[PDB]
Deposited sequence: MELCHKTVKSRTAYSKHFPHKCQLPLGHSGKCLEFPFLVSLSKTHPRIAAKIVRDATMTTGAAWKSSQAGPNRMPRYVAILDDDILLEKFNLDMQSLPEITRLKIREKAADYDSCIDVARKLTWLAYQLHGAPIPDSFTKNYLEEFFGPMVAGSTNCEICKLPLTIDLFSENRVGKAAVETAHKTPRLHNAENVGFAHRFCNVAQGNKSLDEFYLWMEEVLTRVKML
């Protein structure tokens, strides 16, 4: 589909200098929204919707953490040169453009409706997300590391976190959900490196 992309009215700091964008279809029979695919979820599970937005959008916003020092200082009043080297480094480590952050939000909502125990999504949400990522398959959502089926009750606050299959890549394809344990075990390795690692370790331990 083609998206609205019209500027969404906001009282956000970012909104004073940059636009939040309409994510409704270009056609669009109402008021223009940033997170339409989350409306039902916000109605049924407020903290899950909010956690999806936060993990998709925040570190300050990831699409602010990508802006250069001059723009931070002048338009947001952030003197990066004041902060110690390490916090500048970590801030940059979390950077992602605006569209990517929204993409991630969409992916995570799509995964969430396929959790065991998930609410049933309305037809708009279902069709909109399915258009992006394919048919929803009930109960298919697993830990990206564990490969264990996740239940929505886990998201209750955590025990579940947002995962990046390959380190430092913030887009729809690369994200999912993971047990806290599995997510911290993976650390700075990609999935394939992590599995390869486990394989070598076990080989070694089975020797002697």
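Missing from the model relative to the deposited sequence are positions 60-73, 172-176 (no C-alpha coordinates, numbering from 1).
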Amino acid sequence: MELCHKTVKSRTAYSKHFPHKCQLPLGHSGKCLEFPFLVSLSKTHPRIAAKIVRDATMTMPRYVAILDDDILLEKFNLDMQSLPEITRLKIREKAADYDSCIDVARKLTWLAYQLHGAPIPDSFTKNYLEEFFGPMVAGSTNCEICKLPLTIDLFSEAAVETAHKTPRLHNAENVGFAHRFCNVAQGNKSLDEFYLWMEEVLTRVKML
From here on, numbers count along this sequence of modelled residues.
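Mean C-alpha B-factor is higher over 78-86 than over the other stretch, the pair under comparison being 78-86 and 91-99. For the pair 66-74 and 50-58, the mean B factor over Cα atoms is greater in 66-74.
Based on the entry's C-alpha B-factors, the most elevated value among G176, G27, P36, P149 belongs to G27.
In the deposited entry, the Cα temperature factor of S156 sits in the top third of values across the chain's modelled residues. Split the chain's modelled residues into thirds by C-alpha temperature factor. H164 is in the lowest one. Split the chain's modelled residues into thirds by C-alpha temperature factor. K31 is in the highest one. Per the deposited record, the Cα B-factor of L3 falls in the highest third when ranked against the other modelled residues of its chain. For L202, the recorded CA B-factor ranks within the middle third of the chain. Only modelled residues enter the ranking.
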